[PDB]
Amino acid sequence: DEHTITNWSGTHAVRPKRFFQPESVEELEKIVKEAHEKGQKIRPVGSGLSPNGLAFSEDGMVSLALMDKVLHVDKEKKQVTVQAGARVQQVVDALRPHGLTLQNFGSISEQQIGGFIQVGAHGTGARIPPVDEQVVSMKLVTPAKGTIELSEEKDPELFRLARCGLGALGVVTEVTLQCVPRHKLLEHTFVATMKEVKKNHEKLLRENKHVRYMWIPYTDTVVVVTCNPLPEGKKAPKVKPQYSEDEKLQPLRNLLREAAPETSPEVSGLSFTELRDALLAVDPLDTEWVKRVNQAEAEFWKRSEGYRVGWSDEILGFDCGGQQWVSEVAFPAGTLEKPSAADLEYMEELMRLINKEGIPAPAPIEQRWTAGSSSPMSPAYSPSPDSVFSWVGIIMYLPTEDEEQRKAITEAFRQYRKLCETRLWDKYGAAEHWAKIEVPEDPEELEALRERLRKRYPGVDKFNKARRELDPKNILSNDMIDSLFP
């Protein structure tokens, strides 16, 4: 096959020897039977977007992109049954006329339902669990046992394991999700100091349906975004200083005119995100320069306070348009009833570590919250139904297609992430997002990662027993899965 599959950020790519794209469940069953019989690789792939290339296998991959129909809406239960190849956007568009939406959304909507659930993807909202916990039922095509129906009523132990199964336990053909009524949100964006955030944090998380913090390294600016249901006819309030787009961008444009080349015709057409990339591109690993870029960004956010009203699917998405390295961890932050400071303590220690080690850390460091999941492979697995997890995402941008700048940033990010891993993750019980975890080549570092996984997931041995039972010739797993779970 001549199909090349590249991830979002162009950090991983694969050209599979065999690429299957069945149009029917019947065709997929035949593919899985035949691959099992011959011991041929068929790793499942959705949109192929994962930052770590989790789906990729040079031997063989199977895509259900052509199996993308909404099969049934249950009005009374507010549930949707969809083929696993549908993109989130496609399900959202199909649910609009039914007055339904998904209980939550990440920053993008071009993921397939299969790829979304299999990694335990999440949005924000301390009372709202990750998407795997929103799965009511599913159908799973397995090498060793054929097609199996799973739910709380049908083999709940395997259901909970396979709905967040990393593509290793079977090919998911159909998913039933728990929806909520279609609704408008009021989004409030405001800037705070570390000290102001600490004062109001406990209440803010419990009194706002959605909260996200955007921490700006080397500044005392935190951008707070809250979203709440908008009563029937309420209008967006208006902030008393009104800044034009040009006034918001002024600090970034002024800074860019002070680099080795306030606006030209070429600088003028740059969005905020394009301007941030143009600034970092000057000297992306020079910490003194990144301090100045981050301070100019804080000034942009200070000029961007205000309110927006929109349908939840429009409002909860946000811009990750630029290629980047990301790492995100989930760690426990008590419960709705028993608050914990760990979420803010983590961020204080991270900011201190960045400053001490001289990390050229750009903005933002994204902080979200979810409820716990009952899926044993969820990074937010908890037996507590009112558990709260904090999710912290660090980033470095790849502002150009220049191969040598990209390598240097790649190495810089490996070191930034390793410092968080060695200094913070064990202390806070932090677990890496499955779509962002990288396999170290250093077999020492690999064994330390395997030990962290066994500590974070007491479910690991049961996952590997299900892999042996359902996929004994290992046709669904790639080198990454084999490296993480030997």
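Numbers for residues come from their place in the sequence shown, where the first is 1.
Unmodelled stretch separating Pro261 from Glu262: 10 or more residues (count of deposited-sequence residues without coordinates). In this entry, 178 to 186 has the higher mean Cα B-factor, the comparison being between 388 to 396 and 178 to 186. As recorded in the PDB entry, 408 to 416 is the stretch of 117 to 125 and 408 to 416 with the greater mean C-alpha temperature factor.
The entry assigns its greatest Cα B factor, within the set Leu140, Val131, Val88, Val282, to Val282. Note on the listed residues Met214, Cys164, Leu100, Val267: the highest Cα temperature factor in the record is that of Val267.
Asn7 sits in the lowest third of its chain by CA B factor, as recorded in the PDB entry. When the CA B factors of the chain's modelled residues are split into thirds, the value for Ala236 lands in the highest one. The entry lists a Cα temperature factor for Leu28 that places it in the middle third of the chain's modelled residues.
In the PDB entry, a CA B factor belonging to the highest third of its chain's modelled residues is recorded for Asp74. Among the modelled residues of the chain, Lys436 sits in the lowest third by CA temperature factor in this PDB entry.
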